[PDB]
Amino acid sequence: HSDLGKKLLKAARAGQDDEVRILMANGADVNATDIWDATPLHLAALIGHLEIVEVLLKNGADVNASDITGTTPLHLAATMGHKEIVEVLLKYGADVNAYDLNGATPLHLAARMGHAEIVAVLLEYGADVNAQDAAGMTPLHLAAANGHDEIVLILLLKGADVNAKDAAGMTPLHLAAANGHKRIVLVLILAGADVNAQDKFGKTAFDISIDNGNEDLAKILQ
């Protein structure tokens, strides 16, 4: 019955491992969906309950289920930074290169939110390092923008295009300079960033560093 599925969706979201097992022991649909088409595996991965995630997977959960926004359980585990849940989803066959309606992959969200270990394991399971979202942003764009130094090095070492341009013609050097991340600018420059590249406005990372008022980045970019 659908009620057992609704109770299962509530039990998984509430982190009640015993109630989850009781409901499925009574025939609850493990792939039950709410009005957002989110399965209990979505909610278990969102709240970081590794136990329920493993129980749902052991009972046949659709590991690649997608909700109406295009997000999958691995998207949620990667954004929230749940390392162990990311691993078990991946080895169950979760698609590391699935993208939501933003065009963002779990590597985008992990690189944006600064989850270094998850960035590594996603790449280790074959994540496209140069994936572009709907805005042309790549994981390096997001990591350089949000000041995640180690992730920038990890992405670059695994073949990230340092001179990648998004829908506005901005490189990671543009975003890093716009947010004042000095050492990331140094790393990008070292990795071969085109310092003379200008966005759709015609501004380089230097022109941004002057408009920002940062003398240090202005002296570096020249």
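Residue positions are given as counts along the sequence shown, with the first one as 1.
Trainee: Comparing average C-alpha B factors as deposited, tell me which of 30-38 and 193-201 sits higher.
Mentor: Mean C-alpha B-factor is greater for 193-201.
Trainee: Is the mean CA B factor in the deposited entry higher across 127-135 or across 73-81?
Mentor: Result: 127-135.
Trainee: According to the Cα B-factor stored in this entry, which of the following is highest: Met170, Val53, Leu46, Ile68?
Mentor: Out of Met170, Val53, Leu46, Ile68, the record gives the largest C-alpha B-factor to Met170.
Trainee: Test of reading the entry: by CA B factor among the chain's modelled residues, which third contains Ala178?
Mentor: It belongs to the highest third of the chain when residues are ordered by C-alpha B-factor.
Trainee: Would you mind checking where the Cα B-factor of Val63 ranks among the modelled residues of its chain, as the lowest, middle or highest third?
Mentor: Tercile = middle for this residue's CA B-factor.
Trainee: Taking the C-alpha B-factors as the PDB entry records them, is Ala164 in the lowest, middle or highest third of its chain?
Mentor: It belongs to the lowest third of the chain when residues are ordered by C-alpha B-factor.
Trainee: Going by the entry, which third of its chain does the Cα temperature factor of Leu188 land in?
Mentor: For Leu188, whose C-alpha B-factor we compare with every modelled residue in the chain, the answer is the middle third.
Trainee: Please place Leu156 in the lowest, middle or highest third of its chain by C-alpha B factor as given in the entry.
Mentor: Its C-alpha B-factor, which the entry lists for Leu156, ranks in the lowest third among residues of this chain.
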